[PDB]
Amino acid sequence: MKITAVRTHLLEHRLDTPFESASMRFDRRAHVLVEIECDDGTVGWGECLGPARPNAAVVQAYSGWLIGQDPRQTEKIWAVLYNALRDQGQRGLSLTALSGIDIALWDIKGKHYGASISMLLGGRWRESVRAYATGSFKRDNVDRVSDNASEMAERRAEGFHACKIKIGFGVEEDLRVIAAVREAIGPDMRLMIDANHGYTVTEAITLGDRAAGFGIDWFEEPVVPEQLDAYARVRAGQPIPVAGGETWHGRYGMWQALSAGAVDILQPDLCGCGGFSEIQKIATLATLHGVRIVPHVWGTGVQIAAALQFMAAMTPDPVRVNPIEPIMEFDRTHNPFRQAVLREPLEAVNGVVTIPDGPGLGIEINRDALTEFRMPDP
Amino acid sequence: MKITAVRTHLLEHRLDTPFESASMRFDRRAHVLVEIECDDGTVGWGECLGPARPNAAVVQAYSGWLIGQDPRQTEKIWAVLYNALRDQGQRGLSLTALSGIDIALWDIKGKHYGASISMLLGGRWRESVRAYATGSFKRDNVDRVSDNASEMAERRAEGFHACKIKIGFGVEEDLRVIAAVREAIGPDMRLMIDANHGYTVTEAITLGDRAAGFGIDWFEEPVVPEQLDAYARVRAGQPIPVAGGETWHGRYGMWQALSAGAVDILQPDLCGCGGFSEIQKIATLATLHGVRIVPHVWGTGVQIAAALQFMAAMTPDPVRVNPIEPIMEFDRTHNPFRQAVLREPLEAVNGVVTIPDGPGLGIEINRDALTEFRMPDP
Amino acid sequence: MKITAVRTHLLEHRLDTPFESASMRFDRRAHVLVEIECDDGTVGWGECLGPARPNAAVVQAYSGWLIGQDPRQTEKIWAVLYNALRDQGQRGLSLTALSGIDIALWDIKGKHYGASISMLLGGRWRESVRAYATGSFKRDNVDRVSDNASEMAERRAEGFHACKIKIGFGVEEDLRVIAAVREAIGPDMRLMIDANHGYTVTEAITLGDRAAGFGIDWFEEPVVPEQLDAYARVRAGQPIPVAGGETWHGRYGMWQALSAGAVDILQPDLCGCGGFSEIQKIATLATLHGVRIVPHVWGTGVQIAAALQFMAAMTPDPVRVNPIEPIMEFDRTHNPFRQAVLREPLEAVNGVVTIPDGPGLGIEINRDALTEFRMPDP
Amino acid sequence: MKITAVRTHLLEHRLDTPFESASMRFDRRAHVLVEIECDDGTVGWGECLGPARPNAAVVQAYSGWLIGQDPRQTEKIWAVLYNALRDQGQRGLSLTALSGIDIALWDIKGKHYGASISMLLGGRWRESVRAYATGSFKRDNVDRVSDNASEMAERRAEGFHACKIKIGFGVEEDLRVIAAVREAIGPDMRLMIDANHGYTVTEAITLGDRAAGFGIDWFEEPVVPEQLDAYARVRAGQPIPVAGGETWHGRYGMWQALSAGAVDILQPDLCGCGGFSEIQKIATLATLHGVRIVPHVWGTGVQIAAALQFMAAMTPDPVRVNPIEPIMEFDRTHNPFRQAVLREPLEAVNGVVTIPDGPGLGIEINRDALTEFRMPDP
Amino acid sequence: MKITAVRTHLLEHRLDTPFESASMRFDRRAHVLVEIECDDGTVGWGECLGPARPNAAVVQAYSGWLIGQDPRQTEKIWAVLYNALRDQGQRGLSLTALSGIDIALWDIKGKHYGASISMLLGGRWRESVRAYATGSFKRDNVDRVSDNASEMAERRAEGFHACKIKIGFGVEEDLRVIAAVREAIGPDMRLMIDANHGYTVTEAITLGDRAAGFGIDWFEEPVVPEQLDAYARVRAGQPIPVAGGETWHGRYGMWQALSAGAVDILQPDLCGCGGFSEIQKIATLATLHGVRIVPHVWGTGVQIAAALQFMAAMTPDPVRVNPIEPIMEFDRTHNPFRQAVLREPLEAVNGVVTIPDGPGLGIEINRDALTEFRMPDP
Ligand SMILES: [Ca+2]
Ligand SMILES: [Ca+2]
Ligand SMILES: [Ca+2]
Ligand SMILES: [Ca+2]
Ligand SMILES: [Ca+2]
Ligand SMILES: [Ca+2]
Ligand SMILES: [Ca+2]
Ligand SMILES: [Ca+2]
Ligand SMILES: [Ca+2]
Ligand SMILES: [Ca+2]
Ligand code: NI
Ligand code: NI
Ligand code: NI
Ligand code: NI
Ligand code: NI
């Protein structure tokens, strides 16, 4: 079995108005998929987190080390490609592009052995996960307080057990947003907050001290990803558990954060941290200190399918009866190609997402959707 | 003053036979320049280290935050662009692409103020630097021992005060290469060794212990860039000063290495570490412990010109009469567009390279060479 | 371009009654400016923090290394002069005197290139800053509680968004002062406290625990500048963010404090820490852990102008929309030559200070004021 | 008993040609004495290390806190004056000026109680010390190798048991100088080396490794005083014991160096580190780890007299029969006012200097010499 | 001047009923004085903390190194005697016995120079100190709660500004005692607690958490003196400042505790820690981190006189107007020879104790009291 072709597929949809987090303002949904074809006809699919056209370019640069290789040998291919572009690599785009490749190769490997990826990863502890809803972005002329209060009441009505709202813009308004969301969702629904690294350490500590009374399960990216000493200060300075990981990369970046005691919850993204091959190594590292893994999930149904395979296989830390299980980050904001790339959608039903069990990722790509939402040439 | 256009120029030349280091095998010289044009006509030039097409793609992704901006405001632009692509950035391609942009903007700023970059950086301590020659690569059916012995005798005859040879392939053959080169160059010429991270820690310690008698001024990239504990072990375990930095990025990556006590010589590349804006911050960090900076230099005359501006401005650590000054890494292997991109070559004369003092980088690009050596479309 | 003369100008005004902080009692305003003249006629101005006549003497001792030098080469001159008097230097007067020289040279450099210092520092993120008012000093037979309550209500009426009061004399009376000031300024105006290192660690922790309910944004110089372990204890032992820096010096002194985790806010003074050349290096160091910089500002309009240039150029940490920006420390106590040294005053208008954008510091010295307020010969 | 006057006396002698170390080039001997007079007629004398006119200015700034004070209360006066100028003080000139004041006050205190300072410090362990000779400086057109070889043979012939030569200029020439001096002085005379912080860490380690075979008792100021991590690297990287201290200040600066494990020998200067009051505290600190104190001595007979009082009182670490005793640094280069300031010279006789036992410093100043060598007005 | 005789004087008074702390039960007051006589007739007096007959035996063992020595040379004698018995010494009785000797020698030295010890120590910052009263011991059939409530109301009525009560027996009863004492003394009198190392770490943390609401200025010897990690846990685990030092010894024992961050207040005893010679070194060490010194005082008027001399000389940390000053521990329990050993008592008058200013300790021993209260032969 040999890889014969490696392709990328850029997807875009323009929004009605731009969406803003504290870390970014964007006016379109833009994603990239990786397609790897084999000499026996087998095709695998993956997705890369982050800047879409630059990821496509890095996948193309890796392609020379993929063509002619046996796609079943995922550890060998991962290490060879990791080393090939390591010099001006190590974090960021060199790992997000390798993650998409890795996911496509594990899809091929599952198809070849007739096994779901979750089985090849070592087994299925669970057949479904509870999802949590993520919030809307800041938009021009939209009041964040009432928009988030209504939107999260709407998520509660759909059956989500938890939701996560975007802050990081300014302590006082962010507190008004948190208070209004708690009022709107009632006392039982779980609530998380994500600052998108918008805060200074002092802001993040002040916000956490003042928000903790609203019952907040974690505080995601309080500060920038490079200042691990700042993460540890926020963790020690206010009471809300701190989460991060969607902007860290590989076993070395993740170990740097765990060594620093940066987080209570580590949040590797399948399509960013290095793929299935590397996320299993990151999950090992998290067991040394007992730090919970909850994946970060952002992107199309291909990303969702990959994250679901890993979530079926995640081993509890600790094992006990009815252990703490992963929950699935579910973006509810507008993206017509999120599900359209799949022949069958991977959707929350009363807040719960069932994990496929077919070979590989357990999905079938809709190639007509790739054409329909193709990103226009520059 | 406003930026109106940002372009990249990909350059390629195929070699007669592939060149191999321990870290890579390549069959062509492939580089990318950045061109930034302003509303008043001013044009600046820069270069990005590393994978050429992926760098071009990341420069294109940054371009949206550059158009319409005042190019004189280099710290503002650097921080804005750094944050824009930080999430799946931080090291590697997101910093090598920003370095090329930064260099072009400092070229514009010098042209605008009528000042060499070295002057804007704070002054010229020196008007020239001594260069050292780098060695040939491993080639199919070429004996490394005799090839390096002859090649380095040829560099000595050209007047280079020092040379650096490539090892990392295997302790015993590498020792034969070092011994033959010392014999060939005589007792006075300085000698350095670069393993291109080819060694285990045990190999690197064994090689350094056994090579130290040949008089070796530093041992570059003994081990992989992510294992800073391995660098510190090599530093403590054998007597040759350890050098690294061409595969680290930004103030945070460089501080991580200095904190770890990884190196005796830190080797930021102008076109990789973040450009002039960030290399000044890295040079600050190196003064906290007294670690010598010697830039890494690889690429075309644009990279050479940038590195020379920084070398004129480097402050001695410590200041004394006849202090330890930077020496210029000078690749002598075949590349017809290395100098052709410049209207006037920046060449060693009896081992010494004179540093331009005209506005900006002090060079004039030869646009006809950009066409002649343009990389063929995929 | 060559420096031809270096002069100092001592200024004094006797007060109606002495002013006391916990760290000092003084009966006059006494300051020193530095004037550097060039062979082409260009003149630059600077100011030194601290003992005026001793600063003038240290500037005179540096003058021998300045005459005949190119003033545009600020990094070279800084490093040469720093090394010249380092042996019995390193902190204190050797750095405050060099700061005044450095500021005058950056004023010359901006005039020469036709650029504001803020532009040469890398760009203007902002054109104005909000000022905060500092409080009155302790005076004989004046009740601190009512004096501070009235004075800070008067600052609120002038439009200052925040104010900082002097404590450090004794926990119980200091708490009465803080309580009365909070009552007088209302619930929205921000409040900071400065102990001028008057407290033991135990006093400072007790004061912070008992004062935190009044809403205090930082606690400045709780303890003496040499006991960095005491700073870290105060930071960990009570809830008010700790600030310091006006009594630390250079990259090495500031790094010592940051390494120790001494402060939540670092407060370099342009005229004390080493000038523009060194404060940019200190600002780099603060980004490693994410410690906020808020400059310390004390002295004449020349100091104010220098601090404003640096504040226009300060890069947010982190970058976000509407980031945390520097605020300007504005002494409101009596000093007739504070503004008189400038042809145009740099004053708060409804609490906001606009940052000049002319070449260099963007000011014009009033030489007649230098004569009018000249310090009498000993 | 009350202080009534505090005066300084600046002394200068121009040399025939300038003298150069790696850290400085000077063309005159320039020193400052402190004279403190009391209401009962008692006068005390001291000396300040470092820049003479700036020290005089700082002594004048302290004078306001001295007049009217009881000079017998040396700990109270030290702490009051230390705090008075601490803010822009802490190291350097604020401590060298306080050292001269402190020495004059201990001279007064000894005269008042009819006791040598050595007795008031706690007793005389010894009545004499062996001196070591320091070497000549680098001079224009003088070969350092032969000049040092002849000069040190001349010191050997005068009976000095040891000598210390100046290096720091460049590893190869410095090694030639060390080798020639060892040849010239024979195998028994002790040899020390002082780099005046001229070296990078790499140079200092290389020099120490290559020089150790010549039998070197210590290696003084290998690197700059602010890089304590560099001192520890030099200490660990080559075999010659490392010495420093003449460019550190006070208990906090000295503790910083000892904490860092910077030195095998700590070298406080009576006229730089804080005087008798502070050097006793530094000597305490050195006993925590067992680091030997050997004072640094540079200046006139007043400095020599102060250093001799402290050397009589230094407690062995450890106490044993025939313990390791301090040796006296004795500058032999030309200075006609070194001894002329005293009515009776304090000179080495066959290498040994006898320690006065009269009240205070045990000397009588020659006021006619103060006039003869008075520094010309600026 | 030479020492001719060294004598000890054992004192005893049997109590009506035994007194118990958590650390000890005793039925008599038992103390030892040291008397040192000189060839010129001068006599000095000192006291040793701890077991009286064993201290007398250790003083006798030191006597051989004292006879014939010059008593003015206190640092030489201290170091010689310290080394003489160091091998089976270092802490405990070898230092408490040396402390008594040291005090007698400083008494001789002050008489010889006609100076109070406080002056020889460097000056008098204060002429009096405020005393605090210590509480009664536990006694058979006496209710601790009502006994302490009444006794401390009686101390308040005598004018003491503060008092310290004995706990360490059991958390619940100890809390009842603290509550009753706070009720009895009113809201202003200061309150301290001393567990005499009776508690486990868990008890001490629980007690401090539950007692802090009663307004407690320090918590003395919460745990045993050898478990410095336990001290640091108590300090970090409950809010009352922790004090210790009366059971530590010398610069090395005290530095061990300060290094460990064991205490907020260090409490050397003049008659235990090494005397005046060593307590000055301990006071130096406490300034490195800013830990307050408050001496421990237990014993006769000779101990009281020594402690008062040191308290006059203690330098504020930090210096400020109206700084934090030492307060004097004043045992009020029955001991007829406490004051009888002095010709003039050293007593609190409205809570304040005036510090003698005569030569030496400033006291005159009543030799008739030494006979009257002589301890009966075994
Ligand atoms: Ca997120
Ligand atoms: Ca908190
Ligand atoms: Ca290399
Ligand atoms: Ca070895
Ligand atoms: Ca302040
Ligand atoms: Ca607290
Ligand atoms: Ca020296
Ligand atoms: Ca070595
Ligand atoms: Ca006690
Ligand atoms: Ca507690
Ligand atoms: Ni749509
Ligand atoms: Ni060719
Ligand atoms: Ni006035
Ligand atoms: Ni002469
Ligand atoms: Ni009785």
# chains A, B, ... in the order shown; residues from 1 in each chain; ligands from 1
>>> select_by_dssp(residues="stretch 116-260 of chain C", states="helix (DSSP H, G or I)", output="PyMOL selection string")
chain C and resi 117-120+144-157+171-185+201-214+228-237+250-259
>>> residues_around(residues="residue D:177", least_positions_apart="2", cutoff="12 Å", atoms="only C-alpha atoms", output="count of residues only")
36
>>> residues_near_ligand(ligand="ligand 14", cutoff="12 Å", atoms="only C-alpha atoms and all ligand atoms", output="list in words")
residues 12, 13, 14, 15, 16, 17, 27, 28, 29, 333, 334, 335, 336, 337, 338 and 373 of chain D
>>> write_last_selection(atoms="N, CA, C and O atoms", output="mmCIF file, in the first residue's frame")
data_model
loop_
_atom_site.group_PDB
_atom_site.id
_atom_site.type_symbol
_atom_site.label_atom_id
_atom_site.label_comp_id
_atom_site.auth_asym_id
_atom_site.auth_seq_id
_atom_site.Cartn_x
_atom_site.Cartn_y
_atom_site.Cartn_z
ATOM 1 N N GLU D 12 45.254 65.287 42.731
ATOM 2 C CA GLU D 12 45.541 64.858 41.366
ATOM 3 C C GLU D 12 47.038 64.900 41.066
ATOM 4 O O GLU D 12 47.745 65.841 41.486
ATOM 5 N N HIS D 13 47.512 63.929 40.294
ATOM 6 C CA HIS D 13 48.864 63.999 39.710
ATOM 7 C C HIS D 13 48.831 63.458 38.279
ATOM 8 O O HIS D 13 48.452 62.303 38.073
ATOM 9 N N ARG D 14 49.241 64.294 37.304
ATOM 10 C CA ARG D 14 49.288 63.817 35.912
ATOM 11 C C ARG D 14 50.454 62.884 35.644
ATOM 12 O O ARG D 14 51.582 63.152 36.106
ATOM 13 N N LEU D 15 50.197 61.821 34.900
ATOM 14 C CA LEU D 15 51.220 60.814 34.598
ATOM 15 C C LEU D 15 52.032 61.177 33.378
ATOM 16 O O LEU D 15 51.619 62.016 32.557
ATOM 17 N N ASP D 16 53.197 60.550 33.218
ATOM 18 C CA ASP D 16 53.946 60.801 32.005
ATOM 19 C C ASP D 16 53.288 60.266 30.731
ATOM 20 O O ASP D 16 53.498 60.837 29.626
ATOM 21 N N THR D 17 52.505 59.193 30.873
ATOM 22 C CA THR D 17 51.827 58.616 29.712
ATOM 23 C C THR D 17 50.620 57.919 30.293
ATOM 24 O O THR D 17 50.646 57.567 31.453
ATOM 25 N N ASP D 27 44.917 59.125 32.638
ATOM 26 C CA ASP D 27 46.171 59.817 32.476
ATOM 27 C C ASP D 27 46.608 60.582 33.720
ATOM 28 O O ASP D 27 47.566 61.393 33.672
ATOM 29 N N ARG D 28 45.931 60.329 34.828
ATOM 30 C CA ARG D 28 46.274 60.985 36.065
ATOM 31 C C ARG D 28 45.833 60.110 37.217
ATOM 32 O O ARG D 28 44.947 59.251 37.067
ATOM 33 N N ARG D 29 46.515 60.270 38.341
ATOM 34 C CA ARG D 29 46.061 59.711 39.597
ATOM 35 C C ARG D 29 45.079 60.724 40.190
ATOM 36 O O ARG D 29 45.450 61.862 40.340
ATOM 37 N N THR D 333 52.654 51.372 41.390
ATOM 38 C CA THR D 333 52.794 52.310 40.276
ATOM 39 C C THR D 333 52.911 53.726 40.821
ATOM 40 O O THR D 333 52.653 53.972 41.998
ATOM 41 N N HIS D 334 53.369 54.640 39.975
ATOM 42 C CA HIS D 334 53.700 55.996 40.404
ATOM 43 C C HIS D 334 52.547 56.824 40.962
ATOM 44 O O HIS D 334 51.567 57.095 40.285
ATOM 45 N N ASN D 335 52.683 57.239 42.214
ATOM 46 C CA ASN D 335 51.728 58.217 42.753
ATOM 47 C C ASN D 335 52.382 58.938 43.913
ATOM 48 O O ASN D 335 52.478 58.385 45.022
ATOM 49 N N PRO D 336 52.851 60.166 43.654
ATOM 50 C CA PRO D 336 53.630 60.912 44.642
ATOM 51 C C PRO D 336 52.801 61.311 45.855
ATOM 52 O O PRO D 336 53.394 61.650 46.901
ATOM 53 N N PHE D 337 51.470 61.296 45.747
ATOM 54 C CA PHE D 337 50.702 61.667 46.937
ATOM 55 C C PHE D 337 50.155 60.465 47.659
ATOM 56 O O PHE D 337 49.512 60.637 48.702
ATOM 57 N N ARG D 338 50.435 59.253 47.173
ATOM 58 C CA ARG D 338 49.981 58.055 47.918
ATOM 59 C C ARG D 338 50.467 58.108 49.367
ATOM 60 O O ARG D 338 49.677 58.035 50.300
ATOM 61 N N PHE D 373 49.136 68.789 46.207
ATOM 62 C CA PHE D 373 48.584 67.912 45.159
ATOM 63 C C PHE D 373 47.119 68.199 44.910
ATOM 64 O O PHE D 373 46.402 67.384 44.331
#
>>> closest_atom_pairs(of="chain B", to="ligand 4", cutoff="6 Å", atoms="only C-alpha atoms and all ligand atoms", output="Markdown table")
| residue | atom | partner | partner_atom_place_in_ligand_line | distance |
| --- | --- | --- | --- | --- |
| B:209 | CA | ligand 4 | 1 (Ca) | 5.1 |
| B:237 | CA | ligand 4 | 1 (Ca) | 4.6 |
| B:238 | CA | ligand 4 | 1 (Ca) | 4.1 |
>>> write_last_selection(atoms="N, CA, C and O atoms", output="PDB file, in the first residue's frame")
ATOM      1  N   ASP B 209      34.356  15.204  23.189  1.00  0.00           N
ATOM      2  CA  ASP B 209      35.512  14.792  23.991  1.00  0.00           C
ATOM      3  C   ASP B 209      36.654  14.419  23.071  1.00  0.00           C
ATOM      4  O   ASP B 209      37.824  14.752  23.359  1.00  0.00           O
ATOM      5  N   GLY B 237      28.990  18.148  29.316  1.00  0.00           N
ATOM      6  CA  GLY B 237      29.663  16.859  29.170  1.00  0.00           C
ATOM      7  C   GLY B 237      30.917  16.778  28.311  1.00  0.00           C
ATOM      8  O   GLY B 237      31.629  15.763  28.357  1.00  0.00           O
ATOM      9  N   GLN B 238      31.163  17.806  27.499  1.00  0.00           N
ATOM     10  CA  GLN B 238      32.359  17.823  26.656  1.00  0.00           C
ATOM     11  C   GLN B 238      32.837  19.276  26.585  1.00  0.00           C
ATOM     12  O   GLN B 238      32.091  20.210  26.948  1.00  0.00           O
TER      13      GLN B 238
END
>>> atom_distance(atom1="atom CA of residue E:91", atom2="atom CA of residue E:249")
5.4 Å
>>> residues_near_ligand(ligand="ligand 8", cutoff="9 Å", atoms="only C-alpha atoms and all ligand atoms", output="mmCIF file with N, CA, C and O atoms, in the first residue's frame")
data_model
loop_
_atom_site.group_PDB
_atom_site.id
_atom_site.type_symbol
_atom_site.label_atom_id
_atom_site.label_comp_id
_atom_site.auth_asym_id
_atom_site.auth_seq_id
_atom_site.Cartn_x
_atom_site.Cartn_y
_atom_site.Cartn_z
ATOM 1 N N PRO B 239 34.089 19.500 26.158
ATOM 2 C CA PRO B 239 34.716 20.807 26.379
ATOM 3 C C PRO B 239 34.499 21.877 25.323
ATOM 4 O O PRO B 239 34.883 23.023 25.565
ATOM 5 N N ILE D 205 37.143 31.343 30.459
ATOM 6 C CA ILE D 205 37.301 29.915 30.687
ATOM 7 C C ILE D 205 38.521 29.424 29.925
ATOM 8 O O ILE D 205 39.317 28.655 30.464
ATOM 9 N N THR D 206 38.678 29.812 28.653
ATOM 10 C CA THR D 206 39.847 29.388 27.882
ATOM 11 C C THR D 206 41.147 29.849 28.538
ATOM 12 O O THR D 206 42.115 29.060 28.692
ATOM 13 N N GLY D 208 41.685 30.621 31.725
ATOM 14 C CA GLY D 208 41.958 29.889 32.975
ATOM 15 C C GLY D 208 42.428 28.467 32.730
ATOM 16 O O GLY D 208 43.350 28.006 33.435
ATOM 17 N N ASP D 209 41.821 27.760 31.782
ATOM 18 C CA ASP D 209 42.249 26.390 31.487
ATOM 19 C C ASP D 209 43.699 26.399 31.052
ATOM 20 O O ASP D 209 44.475 25.502 31.444
ATOM 21 N N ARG D 210 44.067 27.373 30.209
ATOM 22 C CA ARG D 210 45.420 27.368 29.620
ATOM 23 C C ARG D 210 46.455 27.967 30.541
ATOM 24 O O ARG D 210 47.657 27.717 30.360
ATOM 25 N N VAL D 234 32.400 30.805 34.962
ATOM 26 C CA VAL D 234 33.841 30.807 34.954
ATOM 27 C C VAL D 234 34.408 29.999 36.111
ATOM 28 O O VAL D 234 35.389 29.276 35.960
ATOM 29 N N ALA D 236 33.027 27.452 37.548
ATOM 30 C CA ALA D 236 32.842 26.019 37.323
ATOM 31 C C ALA D 236 33.627 25.511 36.120
ATOM 32 O O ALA D 236 33.866 24.302 36.010
ATOM 33 N N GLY D 237 33.978 26.399 35.193
ATOM 34 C CA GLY D 237 34.552 25.985 33.914
ATOM 35 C C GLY D 237 36.066 25.908 33.780
ATOM 36 O O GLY D 237 36.567 25.345 32.794
ATOM 37 N N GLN D 238 36.790 26.506 34.725
ATOM 38 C CA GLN D 238 38.252 26.460 34.688
ATOM 39 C C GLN D 238 38.735 26.372 36.138
ATOM 40 O O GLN D 238 37.958 26.623 37.084
ATOM 41 N N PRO D 239 40.001 25.982 36.351
ATOM 42 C CA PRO D 239 40.423 25.559 37.690
ATOM 43 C C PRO D 239 40.924 26.633 38.640
ATOM 44 O O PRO D 239 41.132 26.322 39.815
#
>>> closest_atom_pairs(of="chain B", to="chain A", cutoff="6 Å", atoms="only C-alpha atoms", output="tab-separated table")
residue	atom	partner	partner_atom	distance
B:50	CA	A:88	CA	5.8
B:54	CA	A:57	CA	5.2
B:57	CA	A:54	CA	5.2
B:58	CA	A:54	CA	5.5
B:87	CA	A:247	CA	4.9
B:88	CA	A:92	CA	4.2
B:89	CA	A:92	CA	4.0
B:91	CA	A:91	CA	5.2
B:92	CA	A:89	CA	4.0
B:93	CA	A:88	CA	5.8
B:247	CA	A:87	CA	4.9
>>> write_last_selection(atoms="N, CA, C and O atoms", output="PDB file, in the first residue's frame")
ATOM      1  N   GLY B  50      14.086  29.469   5.460  1.00  0.00           N
ATOM      2  CA  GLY B  50      13.298  28.256   5.531  1.00  0.00           C
ATOM      3  C   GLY B  50      12.459  28.002   4.291  1.00  0.00           C
ATOM      4  O   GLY B  50      12.698  28.592   3.242  1.00  0.00           O
ATOM      5  N   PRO B  54       6.121  27.889   1.492  1.00  0.00           N
ATOM      6  CA  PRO B  54       5.302  28.143   2.670  1.00  0.00           C
ATOM      7  C   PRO B  54       5.534  29.569   3.224  1.00  0.00           C
ATOM      8  O   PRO B  54       4.554  30.207   3.615  1.00  0.00           O
ATOM      9  N   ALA B  57       3.483  31.939   1.299  1.00  0.00           N
ATOM     10  CA  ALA B  57       2.080  31.878   1.707  1.00  0.00           C
ATOM     11  C   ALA B  57       1.795  32.601   3.032  1.00  0.00           C
ATOM     12  O   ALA B  57       0.739  33.219   3.163  1.00  0.00           O
ATOM     13  N   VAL B  58       2.701  32.514   3.990  1.00  0.00           N
ATOM     14  CA  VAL B  58       2.483  33.195   5.253  1.00  0.00           C
ATOM     15  C   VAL B  58       2.633  34.703   5.062  1.00  0.00           C
ATOM     16  O   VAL B  58       1.891  35.475   5.648  1.00  0.00           O
ATOM     17  N   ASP B  87      -1.905  32.412  17.070  1.00  0.00           N
ATOM     18  CA  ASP B  87      -2.578  31.264  17.665  1.00  0.00           C
ATOM     19  C   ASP B  87      -2.025  29.956  17.176  1.00  0.00           C
ATOM     20  O   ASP B  87      -1.718  29.046  17.982  1.00  0.00           O
ATOM     21  N   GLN B  88      -1.861  29.866  15.852  1.00  0.00           N
ATOM     22  CA  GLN B  88      -1.191  28.700  15.243  1.00  0.00           C
ATOM     23  C   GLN B  88       0.137  29.143  14.657  1.00  0.00           C
ATOM     24  O   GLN B  88       0.509  28.839  13.505  1.00  0.00           O
ATOM     25  N   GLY B  89       0.869  29.910  15.471  1.00  0.00           N
ATOM     26  CA  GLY B  89       2.117  30.535  15.075  1.00  0.00           C
ATOM     27  C   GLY B  89       3.193  30.306  16.123  1.00  0.00           C
ATOM     28  O   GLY B  89       3.589  29.154  16.340  1.00  0.00           O
ATOM     29  N   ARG B  91       6.230  29.956  16.713  1.00  0.00           N
ATOM     30  CA  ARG B  91       7.592  29.586  16.309  1.00  0.00           C
ATOM     31  C   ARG B  91       7.558  29.153  14.853  1.00  0.00           C
ATOM     32  O   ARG B  91       6.500  29.000  14.301  1.00  0.00           O
ATOM     33  N   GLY B  92       8.703  29.013  14.222  1.00  0.00           N
ATOM     34  CA  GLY B  92       8.705  28.481  12.878  1.00  0.00           C
ATOM     35  C   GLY B  92       8.229  29.489  11.855  1.00  0.00           C
ATOM     36  O   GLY B  92       8.617  30.666  11.894  1.00  0.00           O
ATOM     37  N   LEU B  93       7.404  29.017  10.931  1.00  0.00           N
ATOM     38  CA  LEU B  93       7.077  29.771   9.723  1.00  0.00           C
ATOM     39  C   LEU B  93       6.388  31.089  10.025  1.00  0.00           C
ATOM     40  O   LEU B  93       6.573  32.036   9.257  1.00  0.00           O
ATOM     41  N   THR B 247      17.578  27.516  14.593  1.00  0.00           N
ATOM     42  CA  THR B 247      16.297  26.812  14.617  1.00  0.00           C
ATOM     43  C   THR B 247      15.491  27.185  15.872  1.00  0.00           C
ATOM     44  O   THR B 247      14.554  26.485  16.235  1.00  0.00           O
TER      45      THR B 247
END
>>> residues_near_ligand(ligand="ligand 7", cutoff="8 Å", atoms="only C-alpha atoms and all ligand atoms", output="PyMOL selection string")
chain D and resi 194-196+220-221+244+246+296
>>> atom_distance(atom1="atom CA of residue C:300", atom2="atom CA of residue C:331")
9.8 Å
>>> closest_residue(among="D:255, D:45, D:199, D:113", to="residue D:302", atoms="only C-alpha atoms")
D:45
>>> residues_around(residues="residue A:160", least_positions_apart="3", cutoff="7 Å", atoms="only C-alpha atoms", output="count of residues only")
7
